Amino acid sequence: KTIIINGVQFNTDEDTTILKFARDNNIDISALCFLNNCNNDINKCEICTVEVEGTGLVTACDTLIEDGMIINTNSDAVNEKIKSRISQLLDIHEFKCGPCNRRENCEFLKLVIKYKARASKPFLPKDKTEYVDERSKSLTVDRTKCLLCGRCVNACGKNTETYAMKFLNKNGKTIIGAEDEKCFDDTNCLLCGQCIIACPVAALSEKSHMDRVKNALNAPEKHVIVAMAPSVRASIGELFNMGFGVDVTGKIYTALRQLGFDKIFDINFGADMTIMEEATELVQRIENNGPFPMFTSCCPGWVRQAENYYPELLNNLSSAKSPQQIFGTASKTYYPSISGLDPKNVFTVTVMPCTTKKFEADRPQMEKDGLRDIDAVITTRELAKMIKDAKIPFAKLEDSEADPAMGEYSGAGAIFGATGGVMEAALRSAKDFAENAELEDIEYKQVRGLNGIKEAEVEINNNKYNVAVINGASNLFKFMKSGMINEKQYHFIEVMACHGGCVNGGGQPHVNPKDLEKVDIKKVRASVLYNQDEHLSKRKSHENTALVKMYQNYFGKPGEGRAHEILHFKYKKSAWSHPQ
């Protein structure tokens, strides 16, 4: 194939699009609706317009290169077309970046600047309430910003296969939203937030908990605990121009103290408690020859997927609470017992890479004696904004430590945030538990990485067991619908709704599509966690000294008695009824 682009000749055997070939050869072509290898088929943005001699204007993102093509990417006709499309988008866009939560990393703003585009008539809605949906516990929609690019719809389809995000006809007007314009929570939506991650603008956002947090911090009698997820320390530095794959654990602890939090703990401590309980439950099932398989229960997007599509599996979920909720439960029971705090005055905040965790924390029954396990959940993005609003020089902060009593963590907890991390961590303990041993070989590399469905055979007390790691909600559907769950007897299955694990959660920093082709974000974020595991002295959850003290002095033996009564949560399918 001989191709000429802007007067430059190329000879290639590639079968690809103009857009992909140009970018591979360092020729600039803009794009908007193209992402995840698809564009908006029914309302093409045409920001990728180029001129093909003899054909006319074409969309580079979905036109294959062909021998004999002469292409111009930067002619007057091309730039006029692109400018006109951006101007038409501005006609339906509330262009007020000052107070906008994407002001610092908005893809639309970059295009507006690049093409010097302007609205024909500014869009200045007086009553935004009709454009905004804040009913959800996890997601919010601001349609004054929506470009109808379809990236959320395509991303939902690709990442979850639920198609919970849809194009809708709202009284003759095209919008995106949930089925029948319902609250997302009331549909089959997983609340995973992958649609947010795909959005180029501030149209999709997380449900804010920042007022909950600030009110608690400012309340004189509230003792505000904060604890961050495994993935936050591998990610948040991106929002302070520190690059990708930077471990910023110690700076986070310092920043949270400067924000006024009263105690600095860590969800990785909760990850070690989840393993304590779940590895014990696994050994119990092994000893009772069932029931099998046991599924993890720590990802609430997967729990929603089971509730909404596979309710027959709810009884197979581990009853261990997730790290967030198990930590929260202990923060209202154990922590008062070692601090003197009145439990009613403890206010527990988590920082998580996840929108779904807000829904999980707000589940009616996630409480005891009138005290919520978790009172507020802020995303990685929300914490970044609080740090910047406080004018805290994050990149320059010195490292501090967490408060140890609920802040120490093992290497097993540290890797929870990557796909296969829970599996690996759980096996390190279940194997020791079952064989009553302190095994030296603890690295389960077979369950790691970005393969969508991963299986391994493991030997526990000279018996072979089958495990699987399901990496992304679409892969859960593939595993079940294809009958793979029936090709062998599985005994323990990890499921995460977000491909890559929580490092790719719906509350994480947005990454520019061009940056995404330069950096493998899922692997680079995950690398921070595996590195911590490698360099930590304790690499099994049951070797966490602060956790052992907790169980010895307060909860007793895991998996039974007090621990089971307090630290577990069972999901139940609805009983048969007619009509459905």
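The first residue of the sequence shown is number 1, and the count goes up from there.
Per the PDB record, of the two stretches 348 to 356 and 103 to 111, 103 to 111 carries the greater mean B-factor over its C-alpha atoms.
Comparing 198 to 206 with 289 to 297, the stretch with the higher mean C-alpha B-factor in the PDB entry is 289 to 297. Note on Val213, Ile82, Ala425, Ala395: the highest value goes to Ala395, judged by CA B factor as recorded. Taking only the listed residues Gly420, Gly172, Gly340, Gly507, the entry reports the highest CA temperature factor at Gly172. Among the modelled residues of its chain, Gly193 has a C-alpha B-factor that falls in the lowest third according to the deposited record. The PDB entry assigns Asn486 a C-alpha temperature factor belonging to the highest third of its chain's modelled residues. Annotation for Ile566: CA B-factor lies in the highest third of the chain's modelled residues.
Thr249: CA B factor in the middle third of modelled residues in this chain (values from the PDB entry).
For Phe184, the recorded CA temperature factor ranks within the lowest third of the chain's modelled residues.
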